[PDB]
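Asks: work_6.cif is the file, holding mmCIF, C-alpha atoms:
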data_upload
loop_
_atom_site.label_atom_id
_atom_site.label_comp_id
_atom_site.auth_asym_id
_atom_site.auth_seq_id
_atom_site.Cartn_x
_atom_site.Cartn_y
_atom_site.Cartn_z
CA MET N 75 0.00 0.00 0.00
CA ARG N 76 1.83 3.05 -1.35
CA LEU N 77 1.45 6.36 0.48
CA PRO N 78 2.63 9.45 -1.45
CA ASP N 79 4.29 11.13 1.55
CA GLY N 80 7.52 9.18 2.07
CA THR N 81 6.18 6.19 4.00
CA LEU N 82 5.96 2.69 2.51
CA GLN N 83 3.49 0.26 4.08
CA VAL N 84 5.03 -3.12 3.27
CA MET N 85 5.19 -6.56 4.90
CA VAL N 86 7.68 -9.08 3.51
CA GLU N 87 8.40 -12.75 4.22
CA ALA N 88 11.68 -14.43 3.29
CA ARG N 89 11.86 -17.80 1.53
CA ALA N 90 15.57 -18.54 0.99
CA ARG N 91 18.91 -16.77 0.67
CA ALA N 92 21.28 -16.07 -2.21
CA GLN N 93 24.67 -14.50 -2.93
CA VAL N 94 25.96 -11.22 -4.38
CA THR N 95 27.79 -11.54 -7.70
CA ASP N 96 27.39 -8.02 -9.15
CA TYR N 97 27.33 -4.43 -7.93
CA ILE N 98 25.64 -1.45 -9.58
CA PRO N 99 26.70 2.16 -8.82
CA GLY N 100 23.68 4.10 -7.63
CA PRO N 101 21.45 5.50 -8.94
CA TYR N 102 19.86 3.07 -9.15
CA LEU N 103 20.48 0.27 -6.66
CA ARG N 104 20.25 -3.18 -8.25
CA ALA N 105 21.83 -6.54 -7.47
CA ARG N 106 22.18 -10.05 -8.88
CA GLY N 107 21.66 -13.40 -7.17
CA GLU N 108 23.04 -16.90 -7.49
CA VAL N 109 21.78 -20.50 -7.01
CA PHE N 110 20.37 -21.85 -3.76
CA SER N 111 22.57 -23.97 -1.48
CA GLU N 112 21.71 -25.79 1.76
CA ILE N 113 22.44 -29.16 3.39
CA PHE N 114 20.04 -31.46 5.26
CA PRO N 115 21.82 -33.15 8.20
CA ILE N 116 21.04 -36.77 9.09
CA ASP N 117 20.11 -38.16 12.54
CA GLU N 118 17.30 -35.69 13.23
CA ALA N 119 16.42 -37.20 16.64
CA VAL N 120 19.40 -35.72 18.53
CA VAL N 121 18.72 -32.48 16.64
CA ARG N 122 15.17 -32.48 18.05
CA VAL N 123 16.62 -33.21 21.51
CA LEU N 124 18.82 -30.11 21.15
CA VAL N 125 15.76 -28.16 19.95
CA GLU N 126 13.91 -29.25 23.11
CA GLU N 127 16.92 -28.17 25.21
CA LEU N 128 16.97 -24.70 23.63
CA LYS N 129 13.17 -24.45 23.97
CA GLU N 130 13.43 -25.35 27.66
CA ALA N 131 16.08 -22.64 28.02
CA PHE N 132 13.76 -20.15 26.28
CA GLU N 133 10.86 -21.33 28.46
CA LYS N 134 12.89 -20.58 31.58
CA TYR N 135 13.89 -17.30 29.92
CA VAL N 136 10.24 -16.23 29.50
CA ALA N 137 9.43 -16.26 33.23
CA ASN N 138 12.77 -14.57 34.04
CA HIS N 139 11.92 -11.17 32.51
CA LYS N 140 12.50 -9.10 35.65
CA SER N 141 13.86 -5.92 34.05
CA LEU N 142 12.07 -5.48 30.69
CA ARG N 143 8.63 -6.90 31.68
CA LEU N 144 7.75 -9.20 28.77
CA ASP N 145 4.37 -10.94 28.83
CA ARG N 146 3.81 -14.66 29.37
CA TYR N 147 2.07 -15.06 25.98
CA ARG K 2 -19.26 18.56 27.61
CA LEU K 3 -19.95 21.34 30.11
CA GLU K 4 -18.42 23.18 33.08
CA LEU K 5 -17.21 20.63 35.62
CA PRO K 6 -16.45 21.93 39.13
CA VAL K 7 -13.78 20.86 41.62
CA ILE K 8 -14.64 19.72 45.16
CA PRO K 9 -11.73 19.37 47.63
CA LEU K 10 -11.06 16.47 49.97
CA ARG K 11 -10.24 15.75 53.62
CA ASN K 12 -7.32 13.57 54.75
CA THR K 13 -9.53 10.57 53.87
CA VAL K 14 -9.66 9.44 50.25
CA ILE K 15 -12.70 7.81 48.65
CA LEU K 16 -11.97 4.82 46.40
CA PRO K 17 -14.27 2.40 44.47
CA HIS K 18 -16.96 0.59 46.56
CA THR K 19 -16.27 2.96 49.50
CA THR K 20 -19.54 3.82 51.25
CA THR K 21 -18.74 6.82 53.46
CA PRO K 22 -20.77 10.00 54.08
CA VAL K 23 -19.00 13.14 52.89
CA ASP K 24 -18.71 16.25 55.08
CA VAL K 25 -19.32 19.25 52.83
CA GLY K 26 -20.11 22.01 55.29
CA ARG K 27 -17.57 24.14 53.48
CA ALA K 28 -18.89 27.53 52.42
CA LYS K 29 -17.27 27.56 48.96
CA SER K 30 -17.77 23.85 48.23
CA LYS K 31 -21.58 23.65 48.40
CA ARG K 32 -21.85 25.82 45.28
CA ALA K 33 -19.43 23.35 43.68
CA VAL K 34 -21.80 20.53 44.68
CA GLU K 35 -24.68 22.47 43.10
CA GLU K 36 -22.62 22.98 39.92
CA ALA K 37 -21.72 19.27 39.95
CA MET K 38 -25.39 18.27 40.18
CA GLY K 39 -25.97 20.52 37.16
CA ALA K 40 -22.77 19.15 35.62
CA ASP K 41 -23.75 15.57 34.53
CA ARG K 42 -24.31 14.64 38.21
CA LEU K 43 -20.90 13.51 39.51
CA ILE K 44 -18.69 14.84 42.30
CA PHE K 45 -15.07 15.57 41.35
CA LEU K 46 -12.79 14.87 44.30
CA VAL K 47 -9.07 15.60 44.05
CA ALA K 48 -6.84 14.76 46.99
CA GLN K 49 -6.23 17.51 49.53
CA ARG K 50 -5.09 17.61 53.12
CA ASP K 51 -7.18 18.49 56.18
CA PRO K 52 -10.23 20.87 56.09
CA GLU K 53 -9.11 24.48 56.07
CA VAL K 54 -10.88 27.80 55.49
CA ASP K 55 -12.04 29.02 52.03
CA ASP K 56 -8.63 29.77 50.44
CA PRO K 57 -7.38 27.00 48.13
CA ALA K 58 -3.63 26.65 48.28
CA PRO K 59 -2.34 25.39 44.91
CA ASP K 60 0.30 22.88 46.09
CA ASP K 61 -2.05 20.45 47.83
CA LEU K 62 -3.60 20.09 44.37
CA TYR K 63 -1.59 17.43 42.57
CA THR K 64 -2.14 15.64 39.29
CA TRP K 65 -4.56 12.89 40.37
CA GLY K 66 -8.15 12.69 41.60
CA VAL K 67 -11.06 10.30 42.08
CA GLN K 68 -14.64 10.16 40.81
CA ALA K 69 -17.77 10.18 42.96
CA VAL K 70 -21.35 9.81 41.77
CA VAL K 71 -24.52 11.12 43.38
CA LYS K 72 -26.96 8.33 44.29
CA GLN K 73 -28.83 9.58 47.38
CA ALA K 74 -29.80 13.27 47.57
CA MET K 75 -31.20 13.39 51.10
CA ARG K 76 -31.28 16.94 52.51
CA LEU K 77 -29.72 16.50 55.94
CA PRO K 78 -29.32 19.76 57.92
CA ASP K 79 -26.24 18.66 59.88
CA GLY K 80 -23.88 19.27 56.95
CA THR K 81 -23.21 15.55 56.44
CA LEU K 82 -25.02 13.98 53.48
CA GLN K 83 -24.76 10.20 53.06
CA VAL K 84 -23.84 9.61 49.41
CA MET K 85 -23.45 6.14 48.00
CA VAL K 86 -20.65 6.57 45.47
CA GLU K 87 -19.08 4.46 42.73
CA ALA K 88 -15.86 5.05 40.83
CA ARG K 89 -15.60 3.03 37.62
CA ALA K 90 -11.87 3.79 37.68
CA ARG K 91 -9.59 6.66 38.74
CA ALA K 92 -8.93 9.72 36.62
CA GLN K 93 -8.59 13.47 37.00
CA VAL K 94 -9.12 16.88 35.49
CA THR K 95 -5.96 17.11 33.43
CA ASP K 96 -5.33 20.63 32.09
CA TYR K 97 -5.30 23.56 34.52
CA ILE K 98 -6.56 27.06 33.67
CA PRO K 99 -5.66 29.59 36.40
CA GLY K 100 -8.32 31.18 38.57
CA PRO K 101 -9.59 32.72 40.81
CA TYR K 102 -11.73 30.86 41.53
CA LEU K 103 -10.83 27.19 41.27
CA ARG K 104 -12.01 26.00 37.85
CA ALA K 105 -10.04 24.32 35.08
CA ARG K 106 -10.73 22.48 31.85
CA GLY K 107 -9.52 18.90 31.64
CA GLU K 108 -10.52 16.06 29.35
CA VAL K 109 -10.79 12.43 28.44
CA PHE K 110 -10.02 9.40 30.67
CA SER K 111 -6.48 8.32 31.73
CA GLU K 112 -5.93 4.72 32.80
CA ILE K 113 -3.91 1.51 32.63
CA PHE K 114 -5.08 -1.75 30.99
CA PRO K 115 -4.56 -5.12 32.74
CA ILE K 116 -1.77 -7.08 31.03
CA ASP K 117 0.29 -10.12 32.21
CA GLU K 118 -2.12 -11.96 34.53
CA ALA K 119 0.56 -14.41 35.78
CA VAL K 120 2.45 -11.74 37.72
CA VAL K 121 -0.99 -10.55 38.88
CA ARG K 122 -1.57 -14.07 40.28
CA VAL K 123 1.85 -14.11 42.01
CA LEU K 124 1.24 -10.59 43.38
CA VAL K 125 -2.25 -11.45 44.62
CA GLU K 126 -0.91 -14.55 46.41
CA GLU K 127 1.79 -12.39 48.02
CA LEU K 128 -0.63 -9.66 49.11
CA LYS K 129 -3.10 -12.38 50.13
CA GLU K 130 -0.74 -13.86 52.71
CA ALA K 131 0.49 -10.32 53.41
CA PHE K 132 -2.86 -8.97 54.55
CA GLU K 133 -3.82 -12.12 56.44
CA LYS K 134 -0.55 -12.00 58.39
CA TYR K 135 -1.11 -8.36 59.40
CA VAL K 136 -4.74 -8.86 60.40
CA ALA K 137 -3.23 -11.07 63.14
CA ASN K 138 -1.19 -8.09 64.37
CA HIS K 139 -3.67 -5.34 65.37
CA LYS K 140 -7.33 -4.50 66.02
CA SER K 141 -8.25 -3.16 62.57
CA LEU K 142 -11.00 -5.57 61.49
CA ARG K 143 -13.09 -2.53 60.40
CA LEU K 144 -15.79 -4.61 58.66
CA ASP K 145 -19.46 -4.79 59.67
CA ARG K 146 -21.15 -8.18 59.91
CA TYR K 147 -22.40 -8.91 56.41
CA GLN K 148 -19.23 -10.67 55.19
CA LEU K 149 -18.61 -13.82 57.23
CA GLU K 150 -17.96 -16.40 54.51
CA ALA K 151 -17.21 -14.19 51.49
CA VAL K 152 -14.00 -12.43 52.63
CA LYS K 153 -11.81 -14.66 50.42
CA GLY K 154 -13.80 -14.71 47.18
CA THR K 155 -12.63 -11.90 44.86
CA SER K 156 -9.25 -11.68 43.10
CA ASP K 157 -9.39 -8.59 40.84
CA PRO K 158 -6.37 -6.23 40.81
CA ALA K 159 -7.80 -2.71 41.18
CA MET K 160 -10.25 -3.58 43.96
CA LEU K 161 -7.62 -5.41 46.01
CA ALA K 162 -5.19 -2.54 45.46
CA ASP K 163 -7.89 -0.19 46.76
CA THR K 164 -8.64 -2.44 49.75
CA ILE K 165 -5.23 -3.54 51.06
CA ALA K 166 -3.87 0.00 50.90
CA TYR K 167 -7.31 1.33 51.93
CA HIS K 168 -8.12 -0.42 55.23
CA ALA K 169 -4.46 -0.11 56.20
CA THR K 170 -3.88 3.00 58.30
CA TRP K 171 -0.75 4.73 57.01
CA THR K 172 0.69 8.17 57.10
CA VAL K 173 -1.47 10.07 54.63
CA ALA K 174 1.47 11.33 52.53
CA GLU K 175 2.12 7.73 51.48
CA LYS K 176 -1.63 7.21 51.01
CA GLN K 177 -1.82 9.91 48.38
CA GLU K 178 1.63 9.51 46.82
CA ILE K 179 0.51 6.06 45.71
CA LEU K 180 -2.09 7.67 43.41
CA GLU K 181 -0.18 9.54 40.69
CA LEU K 182 1.40 6.59 38.83
CA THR K 183 -0.75 4.82 36.25
CA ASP K 184 1.05 1.58 35.36
CA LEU K 185 0.14 -2.00 36.28
CA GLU K 186 2.48 -3.37 38.89
CA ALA K 187 4.52 -0.43 40.21
CA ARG K 188 1.76 0.52 42.68
CA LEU K 189 1.64 -3.07 43.94
CA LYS K 190 5.42 -3.22 44.37
CA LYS K 191 5.12 0.02 46.37
CA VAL K 192 2.50 -1.68 48.59
CA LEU K 193 4.86 -4.67 48.96
CA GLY K 194 7.81 -2.47 49.95
CA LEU K 195 5.70 -0.45 52.38
CA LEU K 196 4.31 -3.40 54.30
CA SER K 197 7.77 -4.94 54.19
CA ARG K 198 8.80 -1.75 56.00
CA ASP K 199 5.84 -2.47 58.30
CA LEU K 200 6.93 -6.01 59.15
CA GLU K 201 10.42 -4.65 59.68
CA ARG K 202 8.87 -2.23 62.18
CA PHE K 203 7.25 -5.25 63.84
CA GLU K 204 10.52 -7.19 64.08
CA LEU K 205 12.36 -4.03 65.15
CA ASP K 206 10.12 -3.06 68.03
CA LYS K 207 9.74 -6.65 69.23
CA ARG K 208 13.54 -7.08 69.12
CA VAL K 209 14.13 -3.92 71.11
CA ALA K 210 11.34 -5.02 73.49
CA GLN K 211 13.30 -8.25 74.04
CA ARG K 212 16.50 -6.34 74.67
CA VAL K 213 14.85 -3.82 77.01
CA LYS K 214 13.30 -6.54 79.17
CA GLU K 215 16.66 -8.27 79.42
CA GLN K 216 18.05 -4.82 80.29
CA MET K 217 15.46 -4.51 83.07
CA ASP K 218 16.06 -7.86 84.72
CA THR K 219 19.83 -7.56 84.14
CA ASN K 220 19.87 -4.16 85.85
CA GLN A 221 8.95 5.20 85.60
CA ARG A 222 8.43 6.93 82.25
CA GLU A 223 11.89 8.51 82.51
CA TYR A 224 14.06 5.44 82.96
CA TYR A 225 11.63 3.42 80.82
CA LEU A 226 11.95 5.72 77.80
CA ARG A 227 15.68 6.39 78.14
CA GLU A 228 16.40 2.69 78.41
CA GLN A 229 14.35 2.34 75.23
CA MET A 230 16.43 5.10 73.60
CA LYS A 231 19.75 3.52 74.48
CA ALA A 232 18.49 0.20 73.08
CA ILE A 233 17.22 1.77 69.85
CA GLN A 234 20.57 3.43 69.35
CA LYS A 235 22.60 0.24 68.72
CA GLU A 236 21.12 -0.62 65.29
CA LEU A 237 22.48 2.08 62.98
CA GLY A 238 26.24 1.70 63.45
CA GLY A 239 28.08 -1.19 65.12
CA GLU A 240 31.04 0.23 67.04
CA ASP A 241 33.28 -1.97 64.79
CA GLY A 242 36.23 0.47 64.71
CA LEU A 243 38.68 -0.33 67.50
CA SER A 244 39.17 2.38 70.18
CA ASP A 245 42.53 4.17 70.48
CA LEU A 246 43.68 1.54 73.02
CA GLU A 247 42.81 -1.62 71.00
CA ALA A 248 44.20 0.12 67.90
CA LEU A 249 47.32 0.93 69.91
CA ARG A 250 47.69 -2.72 70.96
CA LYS A 251 47.43 -3.96 67.38
CA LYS A 252 49.82 -1.16 66.38
CA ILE A 253 52.30 -2.54 68.92
CA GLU A 254 51.78 -6.11 67.71
CA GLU A 255 51.95 -5.56 63.93
CA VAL A 256 55.09 -3.46 63.38
CA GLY A 257 58.31 -4.62 65.03
CA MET A 258 59.19 -5.45 67.65
CA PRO A 259 62.17 -6.70 69.64
CA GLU A 260 60.48 -8.80 72.28
CA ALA A 261 61.87 -7.19 75.44
CA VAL A 262 60.78 -3.79 74.13
CA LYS A 263 57.48 -5.43 73.12
CA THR A 264 56.79 -6.71 76.64
CA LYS A 265 57.82 -3.34 78.11
CA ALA A 266 55.40 -1.60 75.73
CA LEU A 267 52.59 -4.03 76.62
CA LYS A 268 53.24 -3.41 80.32
CA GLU A 269 53.10 0.36 79.75
CA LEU A 270 49.87 -0.10 77.78
CA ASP A 271 48.26 -2.19 80.53
CA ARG A 272 49.38 0.49 82.98
CA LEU A 273 47.69 3.14 80.82
CA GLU A 274 44.44 1.19 80.39
CA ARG A 275 43.51 1.24 84.10
CA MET A 276 43.34 5.04 84.15
CA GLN A 277 40.63 7.63 83.62
CA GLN A 278 41.26 10.11 80.83
CA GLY A 279 42.47 13.54 81.89
CA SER A 280 45.17 12.51 84.33
CA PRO A 281 48.50 14.40 84.20
CA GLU A 282 50.56 11.19 83.90
CA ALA A 283 48.14 9.71 81.36
CA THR A 284 49.56 12.34 79.00
CA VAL A 285 53.08 11.11 79.84
CA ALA A 286 52.21 7.44 79.26
CA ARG A 287 50.35 8.23 76.01
CA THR A 288 53.27 10.33 74.75
CA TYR A 289 55.77 7.59 75.64
CA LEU A 290 53.67 5.00 73.81
CA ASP A 291 53.15 6.96 70.59
CA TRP A 292 56.84 7.83 70.56
CA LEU A 293 57.49 4.08 70.83
CA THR A 294 55.09 3.03 68.07
#
Could you quickly redo this structure as C-alpha cells?

Replies:
Amino acid sequence: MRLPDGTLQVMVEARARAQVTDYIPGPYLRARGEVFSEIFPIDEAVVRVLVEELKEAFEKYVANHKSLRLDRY
Amino acid sequence: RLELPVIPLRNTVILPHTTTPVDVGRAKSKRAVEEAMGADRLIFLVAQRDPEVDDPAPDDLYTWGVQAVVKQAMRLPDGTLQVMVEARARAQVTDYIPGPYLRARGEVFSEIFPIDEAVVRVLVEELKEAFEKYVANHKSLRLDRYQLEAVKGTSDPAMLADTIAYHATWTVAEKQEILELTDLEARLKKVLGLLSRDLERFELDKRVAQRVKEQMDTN
Amino acid sequence: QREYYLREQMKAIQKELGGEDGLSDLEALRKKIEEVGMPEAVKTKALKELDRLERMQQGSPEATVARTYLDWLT
C-alpha cells in the first residue's frame, strides 16, 4: 500500500537466501543473485533433543523477565 | 461537555466501593456541589489535606483525583449527606486554567489496561498472605457483619489494590503519593515495599522489646 | 517510671544504625604494637606500659606522659 508522503506500508516474508555476484553504482540500486545452497543433516532425533533443550532454556527465559517486563504469551 | 467543578477532599480518600458519608459544610464547596449536580451529576474529588478555610492553596492540588457519583440526595441539615458513590476507575481533570476561583478544563479518561495476569496471580498470592498476616497483628477488622464467609472470594487487581492500601492506616502522605502513577504493577510493588517496611517495624520493636526486658532484669 | 523506661528504650534503639566496629585508640594501639616490630623485650615493656595506661581515667597528668611515651614508641 503506497502512500505518497515518504512512508511505505510493506510486509515481507523471506523464503531462501542467495549470494551477491554483481554491484551497480547508484542510482539506481540493483543486485544479482546466485543459485540456492543448503544441506540437510542426518540423525534428526538428537537435533530435536537439542531443539527441546533450547526451547526449555527459552521457556525458563520467558518467566525470568524481571527488568524489561515481557508478557507470558 | 460542560463546566465541571472541583470539590476538595479531607485527609480521607474515597476509592471504588467505599460507602462513606461526605462532610461538605464548606462555604465555597456547596456551590461546587450544586454545579456538579448541574454538571452531569458527579462529584469531582481531588486529593487535599485536612479541612481548612475558604482559600485554596495550589500545592495540595496534585495531578490525580477520584470520581464520585450522586446516588442519594437526602437533605440533611447537619452538613453531612450520606452519598453512595461508585468510581468506575480513577482519573482526574488534566489541564489547569488559572483562577480565581478554582475552575479548570480537563478532558478524556487516563488509565492503565490489565496485562500479564501471571504476575498478577503471584502478586495477589503475596498480598493475600500479606494482609492475612497483618490482620493477626492489630485490632483493625473494620468490617461490619455482612461478610462472614465471602471475605476470600474476589481476586481482581484494582479492587484489592484499593482495599489492602485502603483499610491499612498509614501516614497520609504515602496514602496519596501512591495515586499519581498509572502503570500496572509499580503501585503493587510500592505496597509490597511499604508493608515490608511495616513487618520490619514489627521485628524491630519486638527485638528492642526483648532487649529492654533483658536490660530490666539484668539491671 | 516513664523517665528510665523511655531512656532505656532510647539507648536500646541506638545500637542498630552503626556497630562500634572500629577499634578504640587503646585496641588500635595494641594492634599497632603487635603488627610493626618489635624486639620482644621492648614489646613486653610496651605491653606493660599499655596495661598500665588502660587502668586510668582520661584527663590525668601522667596519662599524658604514658600516652606520649607509647606513641613515641610506636

Asks: Could you spell out the hits of the PyMOL selection byres ((chain K and resi 85) around 6) on the shown file, as a list in words?

Replies: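 Output from the PyMOL selection byres ((chain K and resi 85) around 6), applied to this file: residues 20, 72, 84 and 86 of chain K.
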
Asks: Determine the residue set returned by the PyMOL selection byres ((chain K) within 8 of (chain N)) for the present structure, and present it as a ChimeraX atom specification.

Replies: /K:116-117,119

Asks: Taking a cut-off of 9 Å and counting all atoms listed in the file, can you build a table that, for each residue of chain A near chain K, reports the nearest atom pair and how far apart they are in Å (one decimal), sorted by chain then residue number, as JSON lines?

Replies:
{"residue": "A:225", "atom": "CA", "partner": "K:213", "partner_atom": "CA", "distance": 8.8}
{"residue": "A:228", "atom": "CA", "partner": "K:213", "partner_atom": "CA", "distance": 6.8}
{"residue": "A:229", "atom": "CA", "partner": "K:213", "partner_atom": "CA", "distance": 6.4}
{"residue": "A:232", "atom": "CA", "partner": "K:209", "partner_atom": "CA", "distance": 6.3}
{"residue": "A:233", "atom": "CA", "partner": "K:209", "partner_atom": "CA", "distance": 6.6}

Asks: Dump as a short mmCIF file (atom, residue, chain, number, x, y, z; two decimals) with C-alpha atoms, keeping the file's coordinate frame all residues having an atom at most 10 Å from (19.8, -15.8, -7.9), computed in the file's coordinates with all atoms listed in the file.

Replies:
data_model
loop_
_atom_site.label_atom_id
_atom_site.label_comp_id
_atom_site.auth_asym_id
_atom_site.auth_seq_id
_atom_site.Cartn_x
_atom_site.Cartn_y
_atom_site.Cartn_z
CA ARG N 91 18.91 -16.77 0.67
CA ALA N 92 21.28 -16.07 -2.21
CA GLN N 93 24.67 -14.50 -2.93
CA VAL N 94 25.96 -11.22 -4.38
CA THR N 95 27.79 -11.54 -7.70
CA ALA N 105 21.83 -6.54 -7.47
CA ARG N 106 22.18 -10.05 -8.88
CA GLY N 107 21.66 -13.40 -7.17
CA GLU N 108 23.04 -16.90 -7.49
CA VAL N 109 21.78 -20.50 -7.01
CA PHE N 110 20.37 -21.85 -3.76
#

Asks: Report the distance between atom CA of residue 82 of chain K and atom CA of residue 24 of chain K in Å, rounded to one decimal place.

Replies: 6.9 Å

Asks: Between atom CA of residue 288 of chain A and atom CA of residue 262 of chain A, what is the distance in Å, rounded to a tenth?

Replies: 16.0 Å

Asks: Atom CA of residue 171 of chain K and atom CA of residue 203 of chain K, how far apart in Å?

Replies: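 A separation of 14.5 Å between them.
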
Asks: Residues within 10 Å of residue 179 of chain K, please, as a list in words. Count all atoms listed in the file; anything in the same chain fewer than 2 positions from it doesn't count.

Replies: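 Counting all atoms listed in the file, the residues come to residues 166, 173, 174, 175, 176, 177, 181, 182, 183, 187, 188, 189, 191 and 192 of chain K.
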
Asks: Could you dump the residues just selected with C-alpha atoms as an mmCIF file, in the coordinates of the input?

Replies:
data_model
loop_
_atom_site.group_PDB
_atom_site.id
_atom_site.type_symbol
_atom_site.label_atom_id
_atom_site.label_comp_id
_atom_site.auth_asym_id
_atom_site.auth_seq_id
_atom_site.Cartn_x
_atom_site.Cartn_y
_atom_site.Cartn_z
ATOM 1 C CA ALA K 166 -3.870 0.000 50.900
ATOM 2 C CA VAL K 173 -1.470 10.070 54.630
ATOM 3 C CA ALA K 174 1.470 11.330 52.530
ATOM 4 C CA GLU K 175 2.120 7.730 51.480
ATOM 5 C CA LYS K 176 -1.630 7.210 51.010
ATOM 6 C CA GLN K 177 -1.820 9.910 48.380
ATOM 7 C CA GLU K 181 -0.180 9.540 40.690
ATOM 8 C CA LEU K 182 1.400 6.590 38.830
ATOM 9 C CA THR K 183 -0.750 4.820 36.250
ATOM 10 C CA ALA K 187 4.520 -0.430 40.210
ATOM 11 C CA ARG K 188 1.760 0.520 42.680
ATOM 12 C CA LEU K 189 1.640 -3.070 43.940
ATOM 13 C CA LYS K 191 5.120 0.020 46.370
ATOM 14 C CA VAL K 192 2.500 -1.680 48.590
#

Asks: Just checking: using all atoms listed in the file, which residue out of K:75, K:16, K:219, K:169 ends up closest to residue 91 of chain K?

Replies: K:16

Asks: Go through the shown structure with the PyMOL selection byres ((chain K and resi 26-38) around 8) and write out the matching residues as a ChimeraX atom specification.

Replies: /K:5-9,24-25,39-45,54-55,71,80-81

Asks: Work out where the centre of an axis-aligned box around every listed atom of segment 223-231 of chain A lies and how long its edges are once 5 Å is added on each side; give both in Å to one decimal as JSON.

Replies:
{"center_x": 15.7, "center_y": 5.4, "center_z": 78.3, "size_x": 18.1, "size_y": 16.2, "size_z": 19.4}

Asks: If you count all atoms listed in the file, which residues fall within 10 Å of segment 152-163 of chain K, apart from same-chain ones fewer than 4 positions away, as JSON, numbers by chain?

Replies: {"K": [15, 16, 17, 18, 19, 90, 91, 115, 118, 121, 122, 124, 125, 126, 128, 129, 147, 148, 167, 168, 185, 186, 188, 189, 192]}

Asks: Can you pull out the residues contacting segment 255-260 of chain A? Cut-off 10 Å, using only C-alpha atoms, and skip same-chain residues under 6 positions away; I want them as a list in words.

Replies: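 The neighbour list is residues 249, 266 and 294 of chain A.
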